[PDB]
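Peer 1: Structure file query-v2.txt, compact mmCIF, C-alpha atoms and all ligand atoms, is pasted below:
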# COMPACT_ATOMS: atom_id res chain seq x y z
CA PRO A 1 25.66 -54.66 -45.85
CA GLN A 2 28.01 -53.36 -43.21
CA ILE A 3 28.17 -49.58 -43.03
CA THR A 4 31.06 -47.87 -41.35
CA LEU A 5 30.83 -44.48 -39.58
CA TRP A 6 33.91 -42.60 -40.79
CA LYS A 7 31.57 -40.59 -43.01
CA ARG A 8 27.83 -39.87 -42.72
CA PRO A 9 25.82 -43.03 -43.37
CA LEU A 10 24.13 -41.68 -46.47
CA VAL A 11 22.07 -43.89 -48.74
CA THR A 12 19.75 -43.70 -51.69
CA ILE A 13 16.08 -44.12 -50.95
CA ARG A 14 13.17 -44.45 -53.32
CA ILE A 15 9.71 -43.24 -52.53
CA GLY A 16 7.34 -43.02 -55.46
CA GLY A 17 9.28 -41.79 -58.48
CA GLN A 18 11.59 -39.78 -56.28
CA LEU A 19 15.15 -40.73 -55.37
CA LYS A 20 16.83 -38.92 -52.46
CA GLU A 21 19.97 -39.23 -50.35
CA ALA A 22 19.24 -39.92 -46.66
CA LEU A 23 20.93 -40.56 -43.33
CA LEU A 24 20.62 -43.91 -41.62
CA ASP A 25 19.95 -42.22 -38.31
CA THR A 26 19.75 -44.38 -35.17
CA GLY A 27 19.29 -41.16 -33.19
CA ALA A 28 16.00 -40.35 -34.94
CA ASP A 29 12.79 -42.01 -33.68
CA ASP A 30 10.92 -41.29 -36.94
CA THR A 31 11.76 -40.75 -40.61
CA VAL A 32 11.82 -37.13 -41.79
CA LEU A 33 12.27 -35.95 -45.36
CA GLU A 34 12.43 -32.50 -46.94
CA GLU A 35 9.58 -31.08 -49.05
CA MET A 36 7.51 -33.54 -51.00
CA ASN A 37 3.84 -33.71 -51.92
CA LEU A 38 2.84 -37.21 -50.85
CA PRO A 39 -0.66 -38.63 -51.38
CA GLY A 40 -3.04 -39.51 -48.54
CA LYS A 41 -4.10 -37.81 -45.33
CA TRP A 42 -1.55 -36.24 -43.01
CA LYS A 43 -1.61 -35.03 -39.40
CA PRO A 44 0.48 -32.02 -38.37
CA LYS A 45 3.14 -32.76 -35.80
CA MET A 46 6.04 -31.18 -34.00
CA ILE A 47 9.41 -32.82 -33.56
CA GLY A 48 12.30 -31.74 -31.39
CA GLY A 49 15.94 -31.57 -32.38
CA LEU A 50 19.06 -29.70 -31.42
CA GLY A 51 18.03 -26.06 -31.50
CA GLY A 52 14.37 -26.89 -30.91
CA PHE A 53 11.25 -28.02 -32.74
CA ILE A 54 10.09 -27.92 -36.33
CA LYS A 55 6.60 -28.51 -37.69
CA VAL A 56 6.16 -31.49 -39.97
CA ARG A 57 3.34 -33.35 -41.75
CA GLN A 58 2.93 -37.01 -40.76
CA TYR A 59 1.99 -39.45 -43.54
CA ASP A 60 1.24 -43.07 -42.59
CA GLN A 61 1.77 -46.38 -44.44
CA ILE A 62 4.07 -44.91 -47.13
CA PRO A 63 6.13 -47.36 -49.20
CA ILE A 64 9.88 -46.60 -49.17
CA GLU A 65 12.71 -48.53 -50.88
CA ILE A 66 15.98 -48.41 -48.96
CA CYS A 67 19.14 -49.99 -50.38
CA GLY A 68 16.90 -52.27 -52.45
CA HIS A 69 14.68 -53.10 -49.47
CA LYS A 70 10.96 -52.38 -49.71
CA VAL A 71 9.51 -51.24 -46.39
CA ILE A 72 6.35 -49.37 -45.42
CA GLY A 73 5.59 -46.84 -42.67
CA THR A 74 5.21 -43.29 -41.41
CA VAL A 75 7.12 -40.53 -43.21
CA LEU A 76 7.30 -37.12 -41.61
CA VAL A 77 7.59 -34.28 -44.12
CA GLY A 78 8.96 -30.82 -43.41
CA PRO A 79 11.98 -28.46 -43.30
CA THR A 80 14.64 -30.88 -42.11
CA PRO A 81 18.11 -29.74 -43.26
CA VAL A 82 18.87 -33.37 -44.09
CA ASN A 83 16.76 -36.36 -45.14
CA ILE A 84 16.60 -38.76 -42.21
CA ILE A 85 15.77 -42.44 -42.05
CA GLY A 86 14.73 -43.03 -38.47
CA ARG A 87 14.33 -46.14 -36.37
CA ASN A 88 10.72 -46.64 -37.53
CA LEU A 89 12.11 -47.65 -40.97
CA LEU A 90 15.52 -48.99 -39.87
CA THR A 91 13.87 -51.75 -37.86
CA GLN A 92 11.99 -52.83 -40.98
CA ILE A 93 15.23 -53.44 -42.89
CA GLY A 94 16.74 -55.41 -39.99
CA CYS A 95 19.28 -52.71 -39.15
CA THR A 96 21.46 -53.11 -36.07
CA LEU A 97 24.31 -51.23 -34.42
CA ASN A 98 27.31 -53.51 -33.92
CA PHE A 99 30.52 -53.26 -31.89
CA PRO P 1 26.98 -55.90 -28.43
CA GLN P 2 24.46 -55.95 -31.24
CA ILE P 3 21.78 -53.35 -30.59
CA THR P 4 18.38 -53.38 -32.28
CA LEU P 5 16.31 -50.30 -32.91
CA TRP P 6 12.79 -51.16 -31.79
CA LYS P 7 13.82 -49.00 -28.83
CA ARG P 8 16.19 -46.03 -28.54
CA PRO P 9 19.80 -47.19 -28.53
CA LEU P 10 20.56 -45.83 -25.04
CA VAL P 11 23.73 -46.97 -23.26
CA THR P 12 25.54 -46.16 -20.02
CA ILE P 13 28.75 -44.16 -20.40
CA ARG P 14 31.39 -43.20 -17.84
CA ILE P 15 33.04 -39.82 -18.07
CA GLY P 16 35.02 -38.19 -15.27
CA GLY P 17 33.87 -40.79 -12.76
CA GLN P 18 30.25 -40.07 -13.65
CA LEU P 19 27.70 -42.49 -15.06
CA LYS P 20 25.29 -41.21 -17.70
CA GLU P 21 22.76 -42.47 -20.23
CA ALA P 22 23.57 -41.55 -23.83
CA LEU P 23 22.06 -42.23 -27.24
CA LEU P 24 24.02 -44.01 -29.96
CA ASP P 25 23.30 -41.65 -32.80
CA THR P 26 24.70 -42.36 -36.27
CA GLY P 27 23.11 -39.12 -37.55
CA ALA P 28 25.21 -37.03 -35.18
CA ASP P 29 28.69 -36.18 -36.51
CA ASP P 30 29.83 -35.19 -33.05
CA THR P 31 29.27 -36.16 -29.43
CA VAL P 32 27.14 -33.68 -27.40
CA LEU P 33 26.45 -34.07 -23.67
CA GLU P 34 24.17 -32.17 -21.42
CA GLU P 35 25.49 -29.35 -19.29
CA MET P 36 28.25 -30.74 -17.09
CA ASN P 37 31.61 -29.63 -15.79
CA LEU P 38 34.73 -30.96 -17.44
CA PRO P 39 38.29 -29.84 -16.78
CA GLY P 40 40.86 -28.30 -19.11
CA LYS P 41 40.53 -25.46 -21.58
CA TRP P 42 37.54 -25.53 -23.87
CA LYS P 43 36.68 -23.64 -27.05
CA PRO P 44 33.25 -22.08 -27.68
CA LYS P 45 31.60 -23.55 -30.80
CA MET P 46 28.25 -23.57 -32.54
CA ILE P 47 26.68 -26.74 -33.88
CA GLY P 48 23.44 -27.23 -35.81
CA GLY P 49 20.70 -29.79 -35.93
CA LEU P 50 17.05 -30.22 -36.78
CA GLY P 51 15.76 -27.03 -35.14
CA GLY P 52 18.71 -24.67 -35.49
CA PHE P 53 22.07 -24.05 -33.87
CA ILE P 54 23.17 -24.14 -30.23
CA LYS P 55 26.24 -22.95 -28.36
CA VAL P 56 28.48 -25.66 -26.97
CA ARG P 57 31.84 -25.87 -25.21
CA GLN P 58 34.33 -28.06 -27.04
CA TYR P 59 36.58 -30.28 -24.94
CA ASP P 60 39.23 -32.28 -26.77
CA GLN P 61 40.96 -35.59 -25.97
CA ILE P 62 38.45 -36.54 -23.25
CA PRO P 63 38.41 -40.14 -22.02
CA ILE P 64 35.02 -41.83 -22.16
CA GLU P 65 33.99 -45.42 -21.57
CA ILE P 66 31.03 -46.39 -23.76
CA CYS P 67 29.74 -49.66 -22.42
CA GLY P 68 33.00 -51.54 -21.88
CA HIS P 69 34.84 -49.64 -24.56
CA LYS P 70 37.36 -46.87 -23.89
CA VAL P 71 37.50 -43.88 -26.21
CA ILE P 72 39.49 -40.63 -26.07
CA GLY P 73 38.16 -37.70 -28.05
CA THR P 74 36.09 -34.58 -28.55
CA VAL P 75 33.06 -34.05 -26.33
CA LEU P 76 30.91 -30.97 -26.83
CA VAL P 77 28.79 -29.71 -23.92
CA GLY P 78 25.55 -27.70 -24.06
CA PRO P 79 21.74 -27.63 -24.30
CA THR P 80 21.21 -30.87 -26.22
CA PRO P 81 17.78 -32.51 -25.75
CA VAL P 82 19.60 -35.74 -24.87
CA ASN P 83 23.14 -36.99 -24.38
CA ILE P 84 24.44 -37.95 -27.80
CA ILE P 85 27.32 -40.18 -28.81
CA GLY P 86 28.15 -39.19 -32.41
CA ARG P 87 30.38 -40.71 -35.05
CA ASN P 88 33.63 -39.24 -33.69
CA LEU P 89 33.36 -41.75 -30.82
CA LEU P 90 31.23 -44.41 -32.51
CA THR P 91 34.15 -44.97 -34.88
CA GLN P 92 36.58 -45.30 -31.92
CA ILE P 93 34.55 -48.23 -30.53
CA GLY P 94 34.37 -49.92 -33.99
CA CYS P 95 30.62 -49.40 -34.24
CA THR P 96 28.95 -50.18 -37.57
CA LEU P 97 25.45 -50.43 -38.94
CA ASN P 98 24.49 -53.77 -40.36
CA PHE P 99 21.46 -55.00 -42.22
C1 LIG E 101 19.06 -35.20 -31.52
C2 LIG E 101 18.42 -36.57 -31.63
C3 LIG E 101 17.85 -37.00 -30.28
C4 LIG E 101 17.33 -36.57 -32.72
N1 LIG E 101 17.88 -35.99 -33.96
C5 LIG E 101 18.54 -36.99 -34.82
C6 LIG E 101 20.03 -36.65 -34.91
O1 LIG E 101 20.72 -37.77 -35.47
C7 LIG E 101 20.32 -35.41 -35.78
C8 LIG E 101 20.06 -35.68 -37.26
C9 LIG E 101 20.46 -34.46 -38.04
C10 LIG E 101 21.64 -34.45 -38.78
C11 LIG E 101 22.01 -33.31 -39.47
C12 LIG E 101 21.21 -32.17 -39.44
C13 LIG E 101 20.03 -32.19 -38.72
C14 LIG E 101 19.65 -33.33 -38.01
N2 LIG E 101 21.71 -35.02 -35.59
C15 LIG E 101 22.13 -33.93 -34.95
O2 LIG E 101 21.46 -33.16 -34.27
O3 LIG E 101 23.54 -33.65 -35.21
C16 LIG E 101 24.24 -32.86 -34.27
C17 LIG E 101 24.29 -33.51 -32.91
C18 LIG E 101 25.76 -33.61 -32.58
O4 LIG E 101 26.50 -33.43 -33.78
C19 LIG E 101 25.68 -32.79 -34.74
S1 LIG E 101 16.77 -35.12 -34.74
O5 LIG E 101 17.23 -34.82 -36.07
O6 LIG E 101 16.63 -33.85 -34.08
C20 LIG E 101 15.35 -35.90 -34.90
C21 LIG E 101 14.32 -35.85 -33.96
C22 LIG E 101 13.12 -36.53 -34.20
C23 LIG E 101 12.95 -37.25 -35.38
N3 LIG E 101 11.82 -37.94 -35.64
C24 LIG E 101 13.95 -37.28 -36.33
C25 LIG E 101 15.13 -36.60 -36.08
Turn this file's structure into structure tokens for me.
Peer 2:
Amino acid sequence: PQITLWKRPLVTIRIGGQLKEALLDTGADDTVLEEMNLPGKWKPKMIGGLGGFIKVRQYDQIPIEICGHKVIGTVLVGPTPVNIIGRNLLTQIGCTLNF
Amino acid sequence: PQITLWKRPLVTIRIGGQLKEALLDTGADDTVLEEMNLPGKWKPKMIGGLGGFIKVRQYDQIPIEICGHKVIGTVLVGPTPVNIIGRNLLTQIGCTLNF
């Protein structure tokens, strides 16, 4: 698909049984989602935004479906105001910026 | 250009005769640059991101050259972790996401 930037690039993602809206965010190194109780080990981590850092939990090799595309990787979980699909997952769906 | 996301999408911009490195950031609504001087009246504003809100100075109708491409729009200035080109200017250069 081609996605235009007049509005926020919001898409539906599937992880487990859970469907969420998320930003295709080229400005985010890693994927960050709001509260969810994923299986597996996690490491605590801190990530820096505008306004400063927040603490997240890092979960590795998590399957995500993004616009019908199955990918697998690290999902950071914590108090992000908005669900973010970062470059770590965007690369896996073949996503480019074009102009 | 087509820009892949295995690395940060950092580009050189020209504003006010100055060359800077900025991040093409589809998750940013607005363009925020690091502390610099720009001329003309500005308005104080507050914007929010991952780790809270920051104070910025809003300058309107500012010419910027992003790669080759000329834009004229709103540039906010303050304590952003990195220079950010948001959607207000990404749209002006005809930037899309494509997978
Ligand atoms: C600031 C860049 C360098 C990194 N951020 C990504 C940005 O796209 C960020 C995404 C976002 C959108 C809306 C609310 C909150 C966050 N937008 C952002 O701040 O919107 C401001 C900047 C101008 O206009 C509005 S990040 O969220 O902090 C971040 C950091 C690390 C990871 N792993 C993931 C995300």
Peer 1: Within 8 Å of ligand LIG 101 (chain E), counting only C-alpha atoms and all ligand atoms, which protein or nucleic acid residues do you find, written as a PyMOL selection string?
Peer 2: (chain A and resi 23+25-32+47-50+52+76+80-82+84-86) or (chain P and resi 23+25-32+47-51+80-86)
Peer 1: Store the residues picked out above, limited to C-alpha atoms, as a compact mmCIF listing (two decimals), keeping the file's coordinate frame.
Peer 2:
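Everything below was put into selection.txt:
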# COMPACT_ATOMS: atom_id res chain seq x y z
CA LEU A 23 20.93 -40.56 -43.33
CA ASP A 25 19.95 -42.22 -38.31
CA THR A 26 19.75 -44.38 -35.17
CA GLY A 27 19.29 -41.16 -33.19
CA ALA A 28 16.00 -40.35 -34.94
CA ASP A 29 12.79 -42.01 -33.68
CA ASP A 30 10.92 -41.29 -36.94
CA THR A 31 11.76 -40.75 -40.61
CA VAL A 32 11.82 -37.13 -41.79
CA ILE A 47 9.41 -32.82 -33.56
CA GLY A 48 12.30 -31.74 -31.39
CA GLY A 49 15.94 -31.57 -32.38
CA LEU A 50 19.06 -29.70 -31.42
CA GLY A 52 14.37 -26.89 -30.91
CA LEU A 76 7.30 -37.12 -41.61
CA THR A 80 14.64 -30.88 -42.11
CA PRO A 81 18.11 -29.74 -43.26
CA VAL A 82 18.87 -33.37 -44.09
CA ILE A 84 16.60 -38.76 -42.21
CA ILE A 85 15.77 -42.44 -42.05
CA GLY A 86 14.73 -43.03 -38.47
CA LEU P 23 22.06 -42.23 -27.24
CA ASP P 25 23.30 -41.65 -32.80
CA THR P 26 24.70 -42.36 -36.27
CA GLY P 27 23.11 -39.12 -37.55
CA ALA P 28 25.21 -37.03 -35.18
CA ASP P 29 28.69 -36.18 -36.51
CA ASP P 30 29.83 -35.19 -33.05
CA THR P 31 29.27 -36.16 -29.43
CA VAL P 32 27.14 -33.68 -27.40
CA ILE P 47 26.68 -26.74 -33.88
CA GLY P 48 23.44 -27.23 -35.81
CA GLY P 49 20.70 -29.79 -35.93
CA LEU P 50 17.05 -30.22 -36.78
CA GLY P 51 15.76 -27.03 -35.14
CA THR P 80 21.21 -30.87 -26.22
CA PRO P 81 17.78 -32.51 -25.75
CA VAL P 82 19.60 -35.74 -24.87
CA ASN P 83 23.14 -36.99 -24.38
CA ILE P 84 24.44 -37.95 -27.80
CA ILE P 85 27.32 -40.18 -28.81
CA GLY P 86 28.15 -39.19 -32.41
Peer 1: After a least-squares superposition on chain A over all sequentially paired C-alpha atoms, what is chain P as a PDB file with C-alpha atoms, in the frame of the given file?
Peer 2:
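What follows is the written file result_3.pdb:
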ATOM      1  CA  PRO P   1      25.360 -54.029 -46.313  1.00  0.00           C
ATOM      2  CA  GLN P   2      27.708 -53.211 -43.473  1.00  0.00           C
ATOM      3  CA  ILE P   3      28.215 -49.460 -43.284  1.00  0.00           C
ATOM      4  CA  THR P   4      31.125 -47.829 -41.470  1.00  0.00           C
ATOM      5  CA  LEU P   5      31.004 -44.385 -39.956  1.00  0.00           C
ATOM      6  CA  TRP P   6      34.190 -42.647 -41.060  1.00  0.00           C
ATOM      7  CA  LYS P   7      31.751 -40.924 -43.421  1.00  0.00           C
ATOM      8  CA  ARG P   8      28.063 -40.028 -43.072  1.00  0.00           C
ATOM      9  CA  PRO P   9      25.884 -43.089 -43.581  1.00  0.00           C
ATOM     10  CA  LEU P  10      24.078 -41.686 -46.643  1.00  0.00           C
ATOM     11  CA  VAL P  11      22.038 -44.046 -48.831  1.00  0.00           C
ATOM     12  CA  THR P  12      19.753 -43.755 -51.851  1.00  0.00           C
ATOM     13  CA  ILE P  13      16.051 -44.263 -51.152  1.00  0.00           C
ATOM     14  CA  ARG P  14      13.093 -44.520 -53.524  1.00  0.00           C
ATOM     15  CA  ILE P  15       9.792 -43.000 -52.528  1.00  0.00           C
ATOM     16  CA  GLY P  16       6.932 -42.292 -54.923  1.00  0.00           C
ATOM     17  CA  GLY P  17       9.114 -42.980 -57.947  1.00  0.00           C
ATOM     18  CA  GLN P  18      11.662 -40.457 -56.701  1.00  0.00           C
ATOM     19  CA  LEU P  19      15.291 -41.091 -55.818  1.00  0.00           C
ATOM     20  CA  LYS P  20      16.739 -39.288 -52.807  1.00  0.00           C
ATOM     21  CA  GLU P  21      19.786 -39.318 -50.547  1.00  0.00           C
ATOM     22  CA  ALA P  22      18.997 -39.961 -46.882  1.00  0.00           C
ATOM     23  CA  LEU P  23      20.985 -40.375 -43.682  1.00  0.00           C
ATOM     24  CA  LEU P  24      20.794 -43.558 -41.623  1.00  0.00           C
ATOM     25  CA  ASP P  25      20.278 -42.002 -38.237  1.00  0.00           C
ATOM     26  CA  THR P  26      19.978 -44.211 -35.149  1.00  0.00           C
ATOM     27  CA  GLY P  27      19.453 -41.089 -32.994  1.00  0.00           C
ATOM     28  CA  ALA P  28      16.272 -40.205 -34.863  1.00  0.00           C
ATOM     29  CA  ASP P  29      13.148 -41.977 -33.557  1.00  0.00           C
ATOM     30  CA  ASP P  30      11.263 -41.092 -36.706  1.00  0.00           C
ATOM     31  CA  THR P  31      11.881 -40.633 -40.417  1.00  0.00           C
ATOM     32  CA  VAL P  32      11.867 -36.978 -41.620  1.00  0.00           C
ATOM     33  CA  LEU P  33      12.230 -35.973 -45.281  1.00  0.00           C
ATOM     34  CA  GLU P  34      12.656 -32.616 -46.837  1.00  0.00           C
ATOM     35  CA  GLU P  35       9.687 -30.763 -48.244  1.00  0.00           C
ATOM     36  CA  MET P  36       8.075 -32.966 -50.878  1.00  0.00           C
ATOM     37  CA  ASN P  37       4.596 -33.844 -52.036  1.00  0.00           C
ATOM     38  CA  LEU P  38       3.094 -37.132 -50.960  1.00  0.00           C
ATOM     39  CA  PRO P  39      -0.477 -38.274 -51.509  1.00  0.00           C
ATOM     40  CA  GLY P  40      -3.177 -39.208 -49.010  1.00  0.00           C
ATOM     41  CA  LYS P  41      -4.331 -37.434 -45.880  1.00  0.00           C
ATOM     42  CA  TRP P  42      -1.656 -36.224 -43.521  1.00  0.00           C
ATOM     43  CA  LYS P  43      -1.742 -35.021 -39.919  1.00  0.00           C
ATOM     44  CA  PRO P  44       0.125 -31.911 -38.719  1.00  0.00           C
ATOM     45  CA  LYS P  45       2.663 -32.772 -35.993  1.00  0.00           C
ATOM     46  CA  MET P  46       5.533 -31.176 -34.131  1.00  0.00           C
ATOM     47  CA  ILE P  47       8.822 -32.957 -33.563  1.00  0.00           C
ATOM     48  CA  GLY P  48      11.906 -31.830 -31.644  1.00  0.00           C
ATOM     49  CA  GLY P  49      15.624 -32.151 -32.031  1.00  0.00           C
ATOM     50  CA  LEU P  50      18.877 -30.474 -31.116  1.00  0.00           C
ATOM     51  CA  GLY P  51      17.816 -26.879 -31.809  1.00  0.00           C
ATOM     52  CA  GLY P  52      14.103 -26.949 -31.032  1.00  0.00           C
ATOM     53  CA  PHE P  53      10.881 -28.123 -32.624  1.00  0.00           C
ATOM     54  CA  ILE P  54       9.652 -27.993 -36.222  1.00  0.00           C
ATOM     55  CA  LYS P  55       6.292 -28.499 -37.893  1.00  0.00           C
ATOM     56  CA  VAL P  56       5.971 -31.584 -40.055  1.00  0.00           C
ATOM     57  CA  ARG P  57       3.228 -33.357 -41.995  1.00  0.00           C
ATOM     58  CA  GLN P  58       2.760 -36.961 -40.930  1.00  0.00           C
ATOM     59  CA  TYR P  59       2.060 -39.511 -43.652  1.00  0.00           C
ATOM     60  CA  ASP P  60       1.351 -43.068 -42.547  1.00  0.00           C
ATOM     61  CA  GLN P  61       1.860 -46.441 -44.265  1.00  0.00           C
ATOM     62  CA  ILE P  62       4.117 -45.002 -46.992  1.00  0.00           C
ATOM     63  CA  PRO P  63       6.157 -47.425 -49.100  1.00  0.00           C
ATOM     64  CA  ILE P  64       9.875 -46.696 -49.208  1.00  0.00           C
ATOM     65  CA  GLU P  65      12.768 -48.665 -50.639  1.00  0.00           C
ATOM     66  CA  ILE P  66      15.945 -48.134 -48.609  1.00  0.00           C
ATOM     67  CA  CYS P  67      18.770 -49.524 -50.668  1.00  0.00           C
ATOM     68  CA  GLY P  68      17.239 -52.796 -51.853  1.00  0.00           C
ATOM     69  CA  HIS P  69      14.945 -53.098 -48.884  1.00  0.00           C
ATOM     70  CA  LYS P  70      11.215 -52.354 -48.961  1.00  0.00           C
ATOM     71  CA  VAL P  71       9.581 -50.714 -45.964  1.00  0.00           C
ATOM     72  CA  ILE P  72       6.045 -49.411 -45.378  1.00  0.00           C
ATOM     73  CA  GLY P  73       5.578 -46.848 -42.641  1.00  0.00           C
ATOM     74  CA  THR P  74       5.419 -43.342 -41.243  1.00  0.00           C
ATOM     75  CA  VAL P  75       7.262 -40.582 -43.080  1.00  0.00           C
ATOM     76  CA  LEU P  76       7.190 -37.059 -41.687  1.00  0.00           C
ATOM     77  CA  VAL P  77       7.798 -34.129 -44.053  1.00  0.00           C
ATOM     78  CA  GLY P  78       9.190 -30.676 -43.221  1.00  0.00           C
ATOM     79  CA  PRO P  79      12.204 -28.378 -42.758  1.00  0.00           C
ATOM     80  CA  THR P  80      14.773 -30.977 -41.706  1.00  0.00           C
ATOM     81  CA  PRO P  81      18.424 -30.041 -42.388  1.00  0.00           C
ATOM     82  CA  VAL P  82      18.805 -33.389 -44.167  1.00  0.00           C
ATOM     83  CA  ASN P  83      16.681 -36.363 -45.159  1.00  0.00           C
ATOM     84  CA  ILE P  84      16.604 -38.690 -42.177  1.00  0.00           C
ATOM     85  CA  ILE P  85      15.758 -42.366 -41.936  1.00  0.00           C
ATOM     86  CA  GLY P  86      14.912 -42.968 -38.255  1.00  0.00           C
ATOM     87  CA  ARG P  87      14.342 -46.098 -36.222  1.00  0.00           C
ATOM     88  CA  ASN P  88      10.730 -46.620 -37.340  1.00  0.00           C
ATOM     89  CA  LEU P  89      12.119 -47.686 -40.737  1.00  0.00           C
ATOM     90  CA  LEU P  90      15.588 -48.824 -39.669  1.00  0.00           C
ATOM     91  CA  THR P  91      13.866 -51.576 -37.689  1.00  0.00           C
ATOM     92  CA  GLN P  92      11.800 -52.593 -40.766  1.00  0.00           C
ATOM     93  CA  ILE P  93      15.004 -53.266 -42.745  1.00  0.00           C
ATOM     94  CA  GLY P  94      16.543 -55.263 -39.829  1.00  0.00           C
ATOM     95  CA  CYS P  95      19.242 -52.661 -39.245  1.00  0.00           C
ATOM     96  CA  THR P  96      21.408 -53.036 -36.138  1.00  0.00           C
ATOM     97  CA  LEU P  97      24.493 -51.436 -34.683  1.00  0.00           C
ATOM     98  CA  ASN P  98      27.407 -53.734 -34.115  1.00  0.00           C
ATOM     99  CA  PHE P  99      30.758 -53.280 -32.466  1.00  0.00           C
TER     100      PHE P  99
END
Peer 1: Distance CA of residue 5 in chain A-CA of residue 71 in chain P, one decimal place?
Peer 2: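 These two atoms are separated by 15.0 Å.
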Peer 1: Determine, counting only C-alpha atoms, which protein, DNA and RNA residues have an atom within 6 Å of an atom of residue 57 in chain P; residues of the same chain fewer than 4 positions away are not included. Present the result as a JSON list (two decimals) with C-alpha atoms, in the coordinates of the input.
Peer 2:
[["chain", "number", "residue", "atom", "x", "y", "z"],
["P", 42, "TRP", "CA", 37.54, -25.53, -23.87],
["P", 43, "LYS", "CA", 36.68, -23.64, -27.05],
["P", 44, "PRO", "CA", 33.25, -22.08, -27.68],
["P", 76, "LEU", "CA", 30.91, -30.97, -26.83],
["P", 77, "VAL", "CA", 28.79, -29.71, -23.92]]
Peer 1: In Å, how far is it from CA of residue 74 in chain P to CA of residue 20 in chain P?
Peer 2: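 Result for CA of residue 74 in chain P versus CA of residue 20 in chain P: 16.7 Å, one decimal.
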Peer 1: Determine, counting all atoms listed in the file, every residue of protein, DNA or RNA that lies within 6 Å of (3.0, -48.9, -43.0) in the file coordinates, then give the result as a PyMOL selection string.
Peer 2: chain A and resi 61-62+72-73
Peer 1: Please indicate the distance in Å from CA of residue 34 in chain P to CA of residue 98 in chain A, rounded to one decimal place.
Peer 2: 24.9 Å
Peer 1: Pick out the closest residue to chain A from this set: P:63, P:40, P:89, P:54. Count all atoms listed in the file.
Peer 2: P:54
Peer 1: Using all atoms listed in the file, which of the listed residues (P:38, P:24, P:59, P:17) sits closest to chain A?
Peer 2: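 Among the listed residues, the smallest separation from chain A belongs to P:24.
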Peer 1: Name all residues at most 8 Å from residue 3 in chain P (count only C-alpha atoms; drop same-chain ones fewer than 5 positions away) and give them as a ChimeraX atom specification.
Peer 2: /A:96-98 /P:9
Peer 1: Would you output that residue set with C-alpha atoms, as a CSV table (one decimal), in the coordinates of the input?
Peer 2:
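Generated output (result14.csv):
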chain,number,residue,atom,x,y,z
A,96,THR,CA,21.5,-53.1,-36.1
A,97,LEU,CA,24.3,-51.2,-34.4
A,98,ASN,CA,27.3,-53.5,-33.9
P,9,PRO,CA,19.8,-47.2,-28.5
Peer 1: Find, counting all atoms listed in the file, the residue in A:88, A:18, A:12, A:37 that gets nearest to residue 68 in chain A.
Peer 2: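 Looking at the shortest contact to residue 68 in chain A, the residue is A:12.
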Peer 1: Please, can range 52-64 of chain P be completed to N, CA and C atoms and returned as an mmCIF file, keeping the file's coordinate frame?
Peer 2:
data_model
loop_
_atom_site.group_PDB
_atom_site.id
_atom_site.type_symbol
_atom_site.label_atom_id
_atom_site.label_comp_id
_atom_site.auth_asym_id
_atom_site.auth_seq_id
_atom_site.Cartn_x
_atom_site.Cartn_y
_atom_site.Cartn_z
ATOM 1 N N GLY P 52 17.803 -25.809 -35.539
ATOM 2 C CA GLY P 52 18.710 -24.670 -35.490
ATOM 3 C C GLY P 52 20.031 -24.998 -34.834
ATOM 4 N N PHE P 53 20.730 -23.948 -34.423
ATOM 5 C CA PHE P 53 22.070 -24.050 -33.870
ATOM 6 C C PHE P 53 22.037 -23.790 -32.366
ATOM 7 N N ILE P 54 22.993 -24.375 -31.654
ATOM 8 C CA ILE P 54 23.170 -24.140 -30.230
ATOM 9 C C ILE P 54 24.650 -23.848 -29.978
ATOM 10 N N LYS P 55 24.901 -23.148 -28.876
ATOM 11 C CA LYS P 55 26.240 -22.950 -28.360
ATOM 12 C C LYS P 55 26.654 -24.156 -27.532
ATOM 13 N N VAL P 56 27.895 -24.578 -27.727
ATOM 14 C CA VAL P 56 28.480 -25.660 -26.970
ATOM 15 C C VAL P 56 29.893 -25.289 -26.536
ATOM 16 N N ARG P 57 30.442 -26.036 -25.587
ATOM 17 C CA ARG P 57 31.840 -25.870 -25.210
ATOM 18 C C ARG P 57 32.555 -27.117 -25.661
ATOM 19 N N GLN P 58 33.597 -26.942 -26.462
ATOM 20 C CA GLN P 58 34.330 -28.060 -27.040
ATOM 21 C C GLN P 58 35.503 -28.441 -26.157
ATOM 22 N N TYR P 59 35.469 -29.672 -25.662
ATOM 23 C CA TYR P 59 36.580 -30.280 -24.940
ATOM 24 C C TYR P 59 37.193 -31.394 -25.783
ATOM 25 N N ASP P 60 38.509 -31.339 -25.928
ATOM 26 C CA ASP P 60 39.230 -32.280 -26.770
ATOM 27 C C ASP P 60 39.964 -33.363 -25.967
ATOM 28 N N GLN P 61 40.213 -34.506 -26.602
ATOM 29 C CA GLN P 61 40.960 -35.590 -25.970
ATOM 30 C C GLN P 61 40.414 -35.914 -24.583
ATOM 31 N N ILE P 62 39.105 -36.153 -24.506
ATOM 32 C CA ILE P 62 38.450 -36.540 -23.250
ATOM 33 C C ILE P 62 38.222 -38.052 -23.203
ATOM 34 N N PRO P 63 38.695 -38.710 -22.134
ATOM 35 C CA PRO P 63 38.410 -40.140 -22.020
ATOM 36 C C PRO P 63 36.943 -40.413 -21.704
ATOM 37 N N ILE P 64 36.380 -41.377 -22.419
ATOM 38 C CA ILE P 64 35.020 -41.830 -22.160
ATOM 39 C C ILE P 64 35.020 -43.342 -22.308
#
